[PDB]
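*Asks:* Below is the structure I would like to discuss, written out as structure tokens.
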Amino acid sequence: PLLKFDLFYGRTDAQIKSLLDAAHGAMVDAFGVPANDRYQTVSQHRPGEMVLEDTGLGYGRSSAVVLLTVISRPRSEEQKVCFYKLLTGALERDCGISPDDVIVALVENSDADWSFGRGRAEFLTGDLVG
Amino acid sequence: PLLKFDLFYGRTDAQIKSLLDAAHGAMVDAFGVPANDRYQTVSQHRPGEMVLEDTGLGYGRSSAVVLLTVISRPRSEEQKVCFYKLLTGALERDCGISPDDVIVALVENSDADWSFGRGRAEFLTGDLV
Amino acid sequence: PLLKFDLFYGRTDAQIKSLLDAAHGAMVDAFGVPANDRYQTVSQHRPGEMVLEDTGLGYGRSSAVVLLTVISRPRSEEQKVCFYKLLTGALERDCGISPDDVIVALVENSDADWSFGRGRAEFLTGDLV
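Protein chains in written order, with PDB author numbering: chain B, 1 to 130; chain C, 1 to 129; chain A, 1 to 129.
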């Protein structure tokens, strides 16, 4: 999958790397994909450029908040549930980010909807599985 | 849903917050979700960073152009059609943005594809909806 | 469709425009859409802000790496395969970007999920086919 993060400015480069490493690990373990299946962007925002409330659930938000949008081929409900739990556990333990500050939206596509390089559709050619 | 706006730089902070409030209102009006079901991001762009034409329709575009991308569980065609009209209505009235300067694309997902907090899938657990 | 690019900072305005023009052409060639069906954004990143490996495929990426996200109504598998090829071809010829530096992910939607202007759902009204 592709992991796109929206965060506020204020982290050091190492803290941003840490966040990305922690999240990548959670994804690999929840999804069972290769360790080098790593595709991640970070967009940093000024105050004002995100409004992230809680739908009345009683979260907890700060300027440390992390919004993650994932584009992925179909995963089981169990894999998605586990990814969410692994993600917040990693970001808490590794980065000191409260689980109240993590929000994830996932969108799905399929085999023909990826090219990782060279103009090839690797899920279609079978270079990747599949 | 999650509302992601791409706009050009130039608005003041209060003008940005107006676009966000106007759009959020429209969304609540069209979709009937809780008022605090508010998830929005804004990416501001230098000249050059968007090219947005009109497929020959005759719109009107300026530096005020707003591109909105929505991630949402399925809504009806009716709800979508109403959203678009509500959205440009509110942006015109509240923000002075011509409806010519508004573009929307929506993509859909499912109950399992959201986590609003704490690693929980609240549509799956039944905490929402 | 809508084409959203994530790239690293460092290109001149002309190089950004070259990259968009190139990508646009390849899209129009693959998909058979009007030349003015042009909707593109670019988000530029500091080093650190993208990590793009290769799943062991043996691709040699550089800082020129382009990540493209496409939102589109359904196209045939052939058209998608053709787009990826034409896109890399064009980015290499027109921009000097290695095909190893081009990544694409596509997400689909449908007729009711687009508003190009005026809060009109043009695929639904028939303004566009």
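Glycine included, every Cβ here is placed at the ideal spot set by N, Cα and C.
Which residues, in order along the stretch 41–61 of chain C, keep a beta-carbon less than 9 Å from a beta-carbon of chain B?
*Replies:* Flagged, chain order: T41, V42, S43 and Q44.
*Asks:* So the candidates are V107(B), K4(B), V81(B) and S63(B); which of them puts its Cα closest to the Cα of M50(A)?
*Replies:* It is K4(B) whose Cα lies nearest to the Cα of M50(A).
*Asks:* Note down the Cα distance separating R46(C) from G126(C), rounded to an integer number of angstroms.
*Replies:* For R46(C) and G126(C), the distance between alpha carbons rounds to 42 Å.
*Asks:* Residues of chain C with CB under 7 Å from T12(B), in chain order?
*Replies:* Here the premise fails: no neighbours, minimum Cβ distance about 22 Å.
*Asks:* If we ignore side chains and look at the alpha-carbon of each, how far apart do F123(A) and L91(C) end up?
*Replies:* Straight-line Cα distance between these residues: approximately 22 Å.
*Asks:* Under three-state DSSP, which class holds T41(C)?
*Replies:* Correct three-state label for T41(C): strand.
*Asks:* Around the Cβ of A35(C), are there at least 16 other Cβ atoms within 10 angstroms (buried) or fewer (exposed)?
*Replies:* Exposed.
*Asks:* If you measure between the beta carbons of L67(B) and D6(B), is that distance less than 8 Å?
*Replies:* The answer is yes: Cβ separation under 8 Å.
*Asks:* Using DSSP with H/G/I as helix, E/B as strand and the rest coil, what is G60(C)?
*Replies:* Three-state DSSP puts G60(C) in coil, outside helix and strand.
*Asks:* Check residue 132(B) in the structure and name its three-state DSSP category.
*Replies:* Nothing can be reported for residue 132(B), as the shown portion of chain B is limited to 1 through 130.
*Asks:* Would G117(A) and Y59(C) qualify as a contact pair, given that the criterion is a beta-carbon distance under 8 Å?
*Replies:* Yes, the Cβ-Cβ distance between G117(A) and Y59(C) is below 8 Å.
*Asks:* What is the DSSP secondary structure of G89(B), counted as helix, strand or coil?
*Replies:* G89(B): helix per DSSP, three-state reduction.
*Asks:* Do the stretch 22–39 of chain A and the stretch 64–84 of chain A make contact, defined as three or more Cβ pairs closer than 8 Å?
*Replies:* Taking 8 Å as the limit for Cβ pairs, the verdict is that the stretch 64–84 of chain A does touch the stretch 22–39 of chain A.
*Asks:* Pair every Cβ in the stretch 10–24 of chain C with every Cβ in the stretch 70–77 of chain C, then say whether three or more of these pairs are closer than 8 Å.
*Replies:* Short answer: they don't touch.
*Asks:* Which same chain residues end up closer than 8 Å to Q40(B) when comparing Cβ atoms and leaving out the 5 residues on each side of it in sequence?
*Replies:* Taken in chain order, the residues that qualify are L2, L3, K4, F5, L20, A23 and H24.
*Asks:* State the CB to CB distance for the pair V65(A) and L52(A), rounded to an integer number of angstroms; the pair is presumed to be in contact (CB under 8 Å).
*Replies:* Rounded, the Cβ-Cβ distance is 6 Å, consistent with contact.
*Asks:* Name the chain C residues that come within less than 9 Å of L7(A), Cβ to Cβ?
*Replies:* Neighbours of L7(A) on chain C: none; closest Cβ ~10 Å, over 9 Å.
*Asks:* Could you give the residue range of the alpha helix (DSSP H) that holds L19(C)?
*Replies:* Note, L19(C): alpha helix (DSSP H), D13 to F31.
*Asks:* Enumerate in chain order the residues of its own chain whose CB-to-CB distance from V129(C) is below 7 Å, with the five nearest sequence positions on each side excluded.
*Replies:* Result list for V129(C): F123, in chain order.
*Asks:* Using a beta-carbon distance cut-off of less than 8 Å, what residues from the stretch 80–112 of chain A approach chain B?
*Replies:* Listed in sequence order: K80, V81, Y84, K85, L86, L87, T88, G89, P99, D100, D101, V102, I103, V104, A105, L106, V107 and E108.
*Asks:* Closer than 8 Å between beta carbons: that is the criterion. Which residues of the stretch 111–126 of chain C meet it against chain B?
*Replies:* Answer in chain order: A112, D113, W114, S115, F116, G117, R118, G119, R120, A121, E122 and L124.
*Asks:* Which value, in whole angstroms, describes the spacing of the CA atoms of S62(B) and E77(A)?
*Replies:* Cα-Cα distance, rounded: 44 Å.
*Asks:* Below 8 Å on the Cβ atoms is my contact criterion, and I expect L87(A) with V102(A) to pass it. Report the Cβ-Cβ distance as a whole number of Å.
*Replies:* 6 Å between Cβ atoms; contact.
*Asks:* Assuming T55(B) and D37(C) make a contact with CB atoms under 8 Å, what is their CB distance in whole Å?
*Replies:* Correct: roughly 4 Å between the Cβ atoms.
*Asks:* Since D37(B) meets chain A, which of its residues come closer than 7 Å, beta carbon to beta carbon?
*Replies:* Those within 7 Å of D37(B) in chain A are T55.
*Asks:* Counting contacts by CB-CB distance shorter than 8 Å, is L19(B) in contact with chain A?
*Replies:* Chain A contact via Cβ: absent.
*Asks:* Against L67(C), what residues of chain A qualify as contacts under a CB-to-CB distance less than 7 Å, listed in chain order?
*Replies:* Correct list: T41.
*Asks:* The alpha helix (DSSP H) spanning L128(A) covers which residue range?
*Replies:* Element bounds for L128(A): n/a, residue is neither H nor E.
*Asks:* Mind pulling the chain B residues with CB within less than 8 Å of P34(C)?
*Replies:* Within chain B, the residues near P34(C) are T55 and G56.
*Asks:* Where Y9(B) and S43(C) are concerned, what is the direct C-alpha to C-alpha distance, given to the nearest angstrom?
*Replies:* Roughly 13 Å separates the two Cα atoms.
*Asks:* What is the DSSP secondary structure of residue 163(C), counted as helix, strand or coil?
*Replies:* Past the boundaries of the shown model lies residue 163(C); chain C is included only from 1 to 129, so the question cannot be answered.
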